[PDB]
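Participant: Let me give you the structure first, and then I'll get to my questions.
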Protein chains: 6
Amino acid sequence: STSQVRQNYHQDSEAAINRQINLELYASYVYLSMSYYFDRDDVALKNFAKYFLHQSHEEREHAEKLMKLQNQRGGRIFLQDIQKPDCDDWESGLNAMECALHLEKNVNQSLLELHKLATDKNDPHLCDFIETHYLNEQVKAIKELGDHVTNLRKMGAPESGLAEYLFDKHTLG
Amino acid sequence: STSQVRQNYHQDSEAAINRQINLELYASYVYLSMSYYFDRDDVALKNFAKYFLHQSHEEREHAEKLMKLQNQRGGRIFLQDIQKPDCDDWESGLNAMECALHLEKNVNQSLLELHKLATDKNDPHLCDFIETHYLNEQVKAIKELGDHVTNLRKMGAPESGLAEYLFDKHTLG
Amino acid sequence: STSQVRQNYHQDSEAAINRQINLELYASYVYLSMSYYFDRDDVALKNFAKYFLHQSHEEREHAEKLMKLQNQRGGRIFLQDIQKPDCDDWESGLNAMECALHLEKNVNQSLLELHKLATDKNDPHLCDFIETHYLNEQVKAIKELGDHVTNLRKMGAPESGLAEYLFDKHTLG
Amino acid sequence: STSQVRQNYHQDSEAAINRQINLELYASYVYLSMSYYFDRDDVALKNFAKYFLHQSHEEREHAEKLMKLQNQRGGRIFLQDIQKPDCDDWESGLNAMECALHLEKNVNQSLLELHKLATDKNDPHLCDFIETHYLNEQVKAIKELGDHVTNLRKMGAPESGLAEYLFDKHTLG
Amino acid sequence: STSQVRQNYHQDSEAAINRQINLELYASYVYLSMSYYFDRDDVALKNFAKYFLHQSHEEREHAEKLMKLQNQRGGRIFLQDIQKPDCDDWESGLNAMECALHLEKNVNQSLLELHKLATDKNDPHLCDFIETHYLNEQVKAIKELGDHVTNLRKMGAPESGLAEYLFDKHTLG
Amino acid sequence: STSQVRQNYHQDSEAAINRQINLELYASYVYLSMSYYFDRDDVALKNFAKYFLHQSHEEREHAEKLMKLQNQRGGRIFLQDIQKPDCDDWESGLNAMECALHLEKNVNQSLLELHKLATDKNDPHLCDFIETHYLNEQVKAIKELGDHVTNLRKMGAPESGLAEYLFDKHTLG
Ligand code: NA
Ligand code: NA
Ligand code: NA
Ligand code: NA
Ligand code: NA
Ligand code: NA
Ligand code: NA
């Protein structure tokens with residue numbers, strides 16, 4: 001049953017990739033929930049909505065690239081249920097940015113564990129894939145979200161509705 | 001707690017839309033699974049893979065349009081778990097097309113029930129939304145999939161690997 | 001006699017690069033043999049011929065890039081005889097694709113051993129060179145060849161001459 | 001006091017980056033000194049001047065990219081004094097090229113030590129950053145400078161003023 | 001040892017130019033420190049960062065133009081250590097603008113002393129160089145920084161984080 | 001076992017073409033070795049390197065054209081080992097040009113013997129092929145290499161490193 005293409009690809013690596021696929025799809029789902037929270041008539045921050053929808057689509061692309069990797073290496077994709085997000089109501093732009101920062105740090109931690117597994121199994125292709133396509137993207141996302149959190153807090157969010165309004169216009173527009 | 005925008009929008013309609021959101025996301029997930037099955041080194045039908053990935057992205061757009069509708073009408077989106085597809089291994093191009101036909105008929109049946117509910121609650125905006133954006137799209141998808149199933153069966157699929165190869169090139173390429 | 005440029009470059013790494021140069025030139029020669037087999041009047045599969053000639057030229061470029069690396073690092077190139085391929089007659093498009101898959105897996109195995117040596121000698125430049133320019137190229141080549149083998153086998157090669165003819169036209173054309 | 005962005009970033013790595021910042025700024029300063037030596041009326045080698053000024057600006061960009069990295073990772077930049085170069089008078093084009101080769105090998109050695117520290121602290125983002133942006137750039141610079149030294153020596157520098165003149169015109173122009 | 005080009009160029013003028021070179025490089029270093037302070041995840045004012053990086057590069061150009069002058073006149077450049085800035089942490093956009101204003105006034109004072117020395121040594125070329133390339137540039141920089149300080153103070157900086165945010169967007173963007 | 005295409009093509013001609021294929025591939029390998037000798041940090045003559053790499057690729061094209069001829073005529077290609085060049089170290093640009101001249105005269109001698117065999121076997125197609133595609137190309141290559149040898153010797157190579165430097169720039173650049 002071994003793939004004709006499979007070479008230097010450990011069963012533990014294959015299992016870890018399947019877990020990372022699920023986590024990227026989960027992240028996509030979280031961002032989708034956030035997006036449509038800011039589209040509510042009683043929230044009405046269109047650029048917050050756009051920002052999180054973009055992040056939702058980016059996470060879906062990250063999941064598809066891992067699925068492609070799994071087939072390239074002769075692993076087998078096993079999909080699992082995509083759990084619903086932890087919240088229906090994300091409270092404020094500041095609260096959503098903070099939850100996004102926490103999500104991205106959790107995804108980064110899972111990728112650092114995958115890199116460590118690849119290095120331990122002497123799988124340099126997999127380690128290089130993670131470094132090239134995932135690790136810098138995560139560091140950038142985490143720095144951006146931290147910048148956003150900082151600005152919203154300095155501007156006086158979440159108490160000042162003016163702060164979220166102006167951030168939506170000037171930073172996210 | 002009633003939305004300032006909410007008018008002539010029944011709680012039963014709001015609940016039905018939330019169920020339809022989940023079903024569209026489920027369908028997206030099924031098509032994603034199918035796509036990456038045909039990307040396997042031991043299946044290797046690239047145009048089958050492309051066809052199902054396109055259908056996956058289309059279903060995601062259909063889910064997002066229902067989320068937009070729910071906010072337009074002053075309903076509240078409640079997301080649920082996205083269940084994993086029924087199969088990991090889709091067996092053949094003919095078998096996947098047949099499962100896709102069955103999926104699309106199931107989605108169509110849910111939309112016909114939503115239309116009936118909208119008509120029963122005297123919600124013409126919702127009924128028109130379903131007719132305009134969903135019902136013809138479903139009839140077209142079902143006719144296309146039935147055409148594909150017919151052609152694959154006449155060509156001698158799934159037994160003739162030549163049939164699936166040539167269908168992939170000539171119909172899906 | 002140490003090069004003025006040489007820094008953190010082990011004699012074992014220099015020797016391994018010289019062996020990899022020979023293996024890339026060998027691979028180029030194998031693909032050249034395959035190419036001109038399919039140009040025979042009694043084989044006459046022009047797109048098989050084109051495919052393998054392209055692969056021959058790509059392998060020559062891979063050998064030249066290793067020669068450039070050896071000089072960049074202050075190593076010394078020592079060329080060896082290029083052994084003749086194992087076959088004069090490659091039997092069928094399916095048989096040549098299978099031999100190509102086996103060749104590429106052998107080259108990949110040698111590169112994975114070179115990466116391991118670079119990591120063991122704490123030569124990150126060399127390890128990065130191998131990851132960046134060789135490891136993903138090999139994974140892609142191996143997945144492509146496995147896809148080709150799969151399609152030819154499903155189509156009914158090598159017994160169906162129609163299969164090889166249509167594969168030549170539709171996949172390789 | 002931990003940055004909200006900081007993840008898997010050791011205090012020893014942060015300290016090493018601060019040292020590398022200083023060394024890149026130092027290198028920039030050395031090249032600036034060299035540049036304006038060749039602009040002297042009693043030296044008057046304009047293309048030597050241009051070559052070293054370009055290298056000065058490149059080293060400043062390398063320092064700024066490390067400063068950006070330090071902030072991306074949630075480290076804190078601590079700048080130190082930029083020590084003056086070892087020479088005011090660089091004697092000849094050959095002597096400056098030789099000092100440049102020695103400088104670049106010293107910078108490369110510091111980067112190889114930073115890579116080793118990143119690998120020891122299991123910081124793959126940092127290791128990849130160094131490999132991607134620094135290690136190949138250094139190998140190329142060292143090979144170029146060694147080529148220049150070789151050509152100047154073969155041409156008869158530093159004794160032949162004709163050699164430096166013609167090298168300035170033909171190689172550096 | 002007198003340069004063949006040297007004419008009407010006092011040793012005191014040559015010494016003063018060497019001091020001004022050091023001060024321009026020092027100023028460049030101060031602005032670089034300021035720039036990367038505003039790039040911190042906990043400060044996150046991108047247009048403040050851009051403004052000070054531009055000023056850093058401008059000061060480096062001013063130092064290089066003095067180095068060119070020193071060679072034009074047959075003086076000899078003697079570089080000194082570039083002292084580290086007085087602060088690692090610049091506290092606020094208002095505090096950095098105020099420190100920048102103080103820096104520019106200090107540089108202007110040194111240039112006015114150089115002009116006075118040139119006039120006292122009857123060096124009209126040097127006096128004209130300073131007037132043409134330095135004195136108006138300094139008056140403009142000082143007026144701009146004073147305008148910025150005024151606006152930030154009127155807007156309610158440094159206490160209002162909204163003030164610095166909006167200044168960053170509207171004045172520096 | 002006779003090819004359906006084979007007409008007026010002697011077994012001795014087929015054998016001679018197979019020997020000429022090997023000699024063209026050998027020549028390609030010699031030129032490749034020469035190329036990367038001049039790319040060494042301690043040789044560093046880039047236009048010598050380019051010249052010989054071009055000649056390497058031209059010889060490979062000459063071998064492929066003979067392989068095409070062998071199939072056109074219904075002969076069968078039998079590849080042999082490609083022997084390693086006689087030298088690893090080519091000493092100087094003058095020494096490499098002299099070895100190249102000797103190589104080209106050896107290849108020309110083999111082609112003149114092939115033409116004589118074709119004429120003796122009354123194979124005018126083969127004789128015309130050799131005259132049209134090989135004999136003038138060889139006369140031109142031999143005249144060019146003799147011109148290069150003459151110029152390098154008159155300029156004072158190999159003793160004058162200035163000679164090789166200037167030849168590299170002015171003739172080969
Ligand atoms: Na992701
Ligand atoms: Na749908
Ligand atoms: Na290769
Ligand atoms: Na890497
Ligand atoms: Na550098
Ligand atoms: Na200045
Ligand atoms: Na030839």
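Residues are referred to by chain and number: the chain letter is A, B, ... according to the order shown in the structure tokens, the number counts from 1 in that chain, and ligands are numbered separately from 1 in the order shown.
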What lies within 8 Å of residue 138 in chain F using only C-alpha atoms, ignoring chain neighbours under 3 positions off, as a PyMOL selection string?
Facilitator: chain F and resi 104-105+107-108+134-135+141-142
Participant: Once you count only C-alpha atoms and all ligand atoms, which residues end up within 12 Å of ligand 1, and could you hand them over as a ChimeraX atom specification?
Facilitator: /A:20-31,54-66,100,103-111,130,133-142
Participant: Would you export the selected residues with N, CA and C atoms as a compact mmCIF listing (two decimals), in the first residue's frame, please?
Facilitator:
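Written file, again.txt:
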# COMPACT_ATOMS: atom_id res chain seq x y z
N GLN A 20 -2.29 19.52 11.12
CA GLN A 20 -2.09 20.92 10.73
C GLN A 20 -3.16 21.33 9.70
N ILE A 21 -3.56 20.45 8.80
CA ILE A 21 -4.64 20.73 7.82
C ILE A 21 -5.90 21.16 8.59
N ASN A 22 -6.26 20.37 9.59
CA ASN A 22 -7.46 20.62 10.39
C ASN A 22 -7.34 21.97 11.08
N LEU A 23 -6.19 22.27 11.65
CA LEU A 23 -6.00 23.53 12.38
C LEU A 23 -6.10 24.74 11.44
N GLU A 24 -5.57 24.66 10.22
CA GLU A 24 -5.66 25.75 9.22
C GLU A 24 -7.14 25.95 8.82
N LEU A 25 -7.90 24.87 8.65
CA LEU A 25 -9.32 24.95 8.28
C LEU A 25 -10.13 25.54 9.43
N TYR A 26 -9.77 25.13 10.65
CA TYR A 26 -10.34 25.72 11.87
C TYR A 26 -10.10 27.24 11.91
N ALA A 27 -8.86 27.65 11.70
CA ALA A 27 -8.50 29.07 11.68
C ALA A 27 -9.30 29.83 10.62
N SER A 28 -9.46 29.24 9.45
CA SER A 28 -10.27 29.82 8.35
C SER A 28 -11.70 30.08 8.86
N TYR A 29 -12.22 29.15 9.61
CA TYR A 29 -13.60 29.19 10.12
C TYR A 29 -13.79 30.27 11.19
N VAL A 30 -12.81 30.40 12.05
CA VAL A 30 -12.75 31.46 13.07
C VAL A 30 -12.77 32.81 12.40
N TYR A 31 -11.91 33.02 11.42
CA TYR A 31 -11.84 34.31 10.71
C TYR A 31 -13.16 34.60 9.97
N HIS A 54 -10.43 38.35 4.36
CA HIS A 54 -9.15 38.10 3.68
C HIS A 54 -8.35 37.05 4.44
N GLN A 55 -8.27 37.16 5.75
CA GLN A 55 -7.51 36.24 6.59
C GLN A 55 -8.15 34.83 6.48
N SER A 56 -9.46 34.74 6.45
CA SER A 56 -10.20 33.48 6.27
C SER A 56 -9.77 32.79 4.97
N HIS A 57 -9.73 33.52 3.87
CA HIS A 57 -9.37 32.95 2.57
C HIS A 57 -7.89 32.56 2.57
N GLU A 58 -7.03 33.32 3.24
CA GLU A 58 -5.58 33.02 3.30
C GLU A 58 -5.38 31.71 4.05
N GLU A 59 -6.08 31.50 5.14
CA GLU A 59 -5.96 30.26 5.93
C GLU A 59 -6.43 29.06 5.11
N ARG A 60 -7.50 29.20 4.34
CA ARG A 60 -7.96 28.13 3.44
C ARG A 60 -6.85 27.77 2.43
N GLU A 61 -6.14 28.76 1.88
CA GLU A 61 -5.03 28.53 0.91
C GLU A 61 -3.90 27.77 1.62
N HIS A 62 -3.63 28.10 2.88
CA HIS A 62 -2.58 27.45 3.68
C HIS A 62 -2.98 25.98 3.88
N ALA A 63 -4.25 25.70 4.15
CA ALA A 63 -4.70 24.32 4.31
C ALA A 63 -4.54 23.56 2.99
N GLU A 64 -4.91 24.16 1.88
CA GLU A 64 -4.82 23.50 0.55
C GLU A 64 -3.34 23.21 0.21
N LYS A 65 -2.43 24.09 0.56
CA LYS A 65 -1.00 23.88 0.28
C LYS A 65 -0.47 22.69 1.09
N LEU A 66 -0.96 22.47 2.30
CA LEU A 66 -0.57 21.30 3.09
C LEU A 66 -1.18 20.02 2.49
N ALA A 100 -7.53 36.99 17.48
CA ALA A 100 -6.78 36.65 16.27
C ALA A 100 -5.29 36.46 16.61
N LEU A 103 -4.98 33.14 18.33
CA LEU A 103 -5.10 32.10 17.30
C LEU A 103 -3.78 31.97 16.53
N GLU A 104 -3.19 33.05 16.05
CA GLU A 104 -2.02 32.96 15.17
C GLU A 104 -0.84 32.38 15.97
N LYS A 105 -0.74 32.71 17.25
CA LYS A 105 0.36 32.22 18.10
C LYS A 105 0.21 30.71 18.32
N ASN A 106 -1.04 30.25 18.45
CA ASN A 106 -1.38 28.82 18.58
C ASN A 106 -1.02 28.07 17.28
N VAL A 107 -1.32 28.64 16.12
CA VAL A 107 -0.98 28.03 14.81
C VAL A 107 0.55 28.00 14.67
N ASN A 108 1.22 29.05 15.08
CA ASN A 108 2.69 29.16 14.99
C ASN A 108 3.32 28.07 15.87
N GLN A 109 2.81 27.92 17.08
CA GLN A 109 3.28 26.88 17.99
C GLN A 109 3.13 25.50 17.37
N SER A 110 2.03 25.20 16.71
CA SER A 110 1.84 23.90 16.03
C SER A 110 2.85 23.74 14.89
N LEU A 111 3.14 24.77 14.13
CA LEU A 111 4.11 24.72 13.02
C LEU A 111 5.53 24.50 13.57
N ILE A 130 8.12 23.90 5.57
CA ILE A 130 7.54 24.65 6.72
C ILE A 130 8.22 26.01 6.84
N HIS A 133 7.24 28.38 3.58
CA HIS A 133 5.85 28.73 3.24
C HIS A 133 5.06 29.15 4.47
N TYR A 134 5.50 28.80 5.68
CA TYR A 134 4.69 28.98 6.91
C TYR A 134 5.35 29.87 7.97
N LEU A 135 6.61 29.66 8.33
CA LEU A 135 7.17 30.29 9.56
C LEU A 135 7.25 31.81 9.41
N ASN A 136 7.75 32.35 8.30
CA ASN A 136 7.86 33.81 8.15
C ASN A 136 6.46 34.41 8.02
N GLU A 137 5.54 33.73 7.34
CA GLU A 137 4.16 34.22 7.15
C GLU A 137 3.53 34.41 8.53
N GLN A 138 3.75 33.46 9.44
CA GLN A 138 3.23 33.51 10.82
C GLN A 138 3.87 34.65 11.62
N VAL A 139 5.19 34.77 11.61
CA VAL A 139 5.89 35.90 12.28
C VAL A 139 5.33 37.24 11.78
N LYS A 140 5.13 37.40 10.49
CA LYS A 140 4.59 38.67 9.93
C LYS A 140 3.16 38.89 10.46
N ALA A 141 2.32 37.84 10.45
CA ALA A 141 0.90 37.96 10.85
C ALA A 141 0.84 38.36 12.32
N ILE A 142 1.68 37.75 13.12
CA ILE A 142 1.71 38.01 14.57
C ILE A 142 2.20 39.44 14.82
Participant: Taking only C-alpha atoms into account, find every residue of chain D that has an atom no more than 10 Å from chain A, and write it out as a list in words.
Facilitator: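 So the contacting residues turn out to be residues 3, 4, 5, 6, 7, 8, 69, 71, 72, 73, 74, 122, 123, 124, 125, 126, 127, 128, 129 and 132 of chain D.
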Participant: Using only C-alpha atoms, please write the residues we just selected to a file, as a JSON list (two decimals), in the first residue's frame.
Facilitator:
[["chain", "number", "residue", "atom", "x", "y", "z"],
["D", 3, "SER", "CA", 6.45, 41.58, 24.01],
["D", 4, "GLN", "CA", 2.93, 40.37, 23.09],
["D", 5, "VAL", "CA", 4.53, 39.07, 19.84],
["D", 6, "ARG", "CA", 7.44, 37.19, 21.38],
["D", 7, "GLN", "CA", 7.38, 33.41, 20.76],
["D", 8, "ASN", "CA", 10.25, 30.88, 20.74],
["D", 69, "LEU", "CA", 13.95, 41.13, 12.47],
["D", 71, "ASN", "CA", 11.29, 44.03, 16.20],
["D", 72, "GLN", "CA", 9.37, 41.30, 14.25],
["D", 73, "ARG", "CA", 10.36, 38.78, 16.91],
["D", 74, "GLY", "CA", 9.65, 41.10, 19.84],
["D", 122, "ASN", "CA", 15.45, 25.34, 18.22],
["D", 123, "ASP", "CA", 14.59, 28.68, 16.50],
["D", 124, "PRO", "CA", 13.92, 27.61, 12.93],
["D", 125, "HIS", "CA", 12.51, 31.04, 11.89],
["D", 126, "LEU", "CA", 15.81, 32.70, 12.88],
["D", 127, "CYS", "CA", 17.94, 29.96, 11.30],
["D", 128, "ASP", "CA", 15.92, 30.25, 8.04],
["D", 129, "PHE", "CA", 16.25, 34.09, 8.13],
["D", 132, "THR", "CA", 17.85, 33.04, 3.24]]
Participant: Identify, on the basis of only C-alpha atoms, every residue whose closest approach to residue 80 in chain A does not exceed 7 Å; exclude the query and any residue fewer than 2 positions from it along the same chain; express the result as number ranges by chain.
Facilitator: A: 22, 78, 82; B: 84
Participant: The selected residues should be written to file as an mmCIF file, in the first residue's frame (atoms: N, CA and C atoms).
Facilitator:
data_model
loop_
_atom_site.group_PDB
_atom_site.id
_atom_site.type_symbol
_atom_site.label_atom_id
_atom_site.label_comp_id
_atom_site.auth_asym_id
_atom_site.auth_seq_id
_atom_site.Cartn_x
_atom_site.Cartn_y
_atom_site.Cartn_z
ATOM 1 N N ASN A 22 -6.257 20.367 9.587
ATOM 2 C CA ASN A 22 -7.463 20.616 10.386
ATOM 3 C C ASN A 22 -7.343 21.969 11.083
ATOM 4 N N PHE A 78 -6.451 12.535 5.571
ATOM 5 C CA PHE A 78 -7.628 12.152 6.388
ATOM 6 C C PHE A 78 -8.169 13.418 7.034
ATOM 7 N N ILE A 82 -14.526 20.064 11.290
ATOM 8 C CA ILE A 82 -14.013 21.433 11.542
ATOM 9 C C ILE A 82 -14.850 21.952 12.687
ATOM 10 N N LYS B 84 -17.077 16.008 8.775
ATOM 11 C CA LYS B 84 -16.148 15.493 7.759
ATOM 12 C C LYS B 84 -16.932 14.750 6.685
#
Participant: With DSSP run on the backbone, what are the helix (DSSP H, G or I) residues within chain E? I'd like them as a ChimeraX atom specification.
Facilitator: /E:11-38,46-72,93-120,124-155,161-170
Participant: Name the residues in contact with residue 43 in chain E at a cut-off of 8 Å, using only C-alpha atoms, excluding same-chain residues fewer than 3 positions from it; report them as a PyMOL selection string.
Facilitator: (chain A and resi 147+150-151) or (chain E and resi 37-40)
Participant: Emit the selected residues as an mmCIF file, in the first residue's frame, including C-alpha atoms.
Facilitator:
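Now in part_39.cif:
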data_model
loop_
_atom_site.group_PDB
_atom_site.id
_atom_site.type_symbol
_atom_site.label_atom_id
_atom_site.label_comp_id
_atom_site.auth_asym_id
_atom_site.auth_seq_id
_atom_site.Cartn_x
_atom_site.Cartn_y
_atom_site.Cartn_z
ATOM 1 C CA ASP A 147 0.694 46.442 15.876
ATOM 2 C CA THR A 150 -1.277 48.355 20.207
ATOM 3 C CA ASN A 151 -2.900 51.062 18.037
ATOM 4 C CA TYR E 37 11.722 52.558 18.056
ATOM 5 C CA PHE E 38 8.510 53.432 16.154
ATOM 6 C CA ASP E 39 8.664 50.012 14.363
ATOM 7 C CA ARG E 40 8.299 48.248 17.745
#
Participant: Fewer than 6 positions away in the same chain doesn't count, so skip those; otherwise give me all residues within 10 Å of residue 173 in chain E, counting only C-alpha atoms, as a list in words.
Facilitator: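 With the cut-off at 10 Å, the set is residues 46, 47, 48, 50, 51, 166 and 167 of chain E.
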Participant: I need the chosen residues saved as an mmCIF file, in the first residue's frame, with N, CA and C atoms.
Facilitator:
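part15.cif, written as the output of this step:
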data_model
loop_
_atom_site.group_PDB
_atom_site.id
_atom_site.type_symbol
_atom_site.label_atom_id
_atom_site.label_comp_id
_atom_site.auth_asym_id
_atom_site.auth_seq_id
_atom_site.Cartn_x
_atom_site.Cartn_y
_atom_site.Cartn_z
ATOM 1 N N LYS E 46 4.005 53.602 12.000
ATOM 2 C CA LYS E 46 4.779 53.276 10.786
ATOM 3 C C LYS E 46 5.255 54.552 10.101
ATOM 4 N N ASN E 47 4.467 55.626 10.140
ATOM 5 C CA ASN E 47 4.845 56.841 9.398
ATOM 6 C C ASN E 47 5.871 57.637 10.197
ATOM 7 N N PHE E 48 5.863 57.528 11.511
ATOM 8 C CA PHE E 48 6.941 58.058 12.356
ATOM 9 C C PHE E 48 8.237 57.308 12.023
ATOM 10 N N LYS E 50 9.019 55.764 9.191
ATOM 11 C CA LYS E 50 9.429 56.163 7.824
ATOM 12 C C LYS E 50 10.095 57.538 7.854
ATOM 13 N N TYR E 51 9.516 58.472 8.600
ATOM 14 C CA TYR E 51 9.986 59.863 8.682
ATOM 15 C C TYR E 51 11.426 59.879 9.199
ATOM 16 N N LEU E 166 -3.384 59.955 14.784
ATOM 17 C CA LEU E 166 -3.937 60.804 13.705
ATOM 18 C C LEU E 166 -2.833 61.651 13.054
ATOM 19 N N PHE E 167 -1.874 62.087 13.844
ATOM 20 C CA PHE E 167 -0.722 62.837 13.286
ATOM 21 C C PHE E 167 0.074 61.958 12.329
#
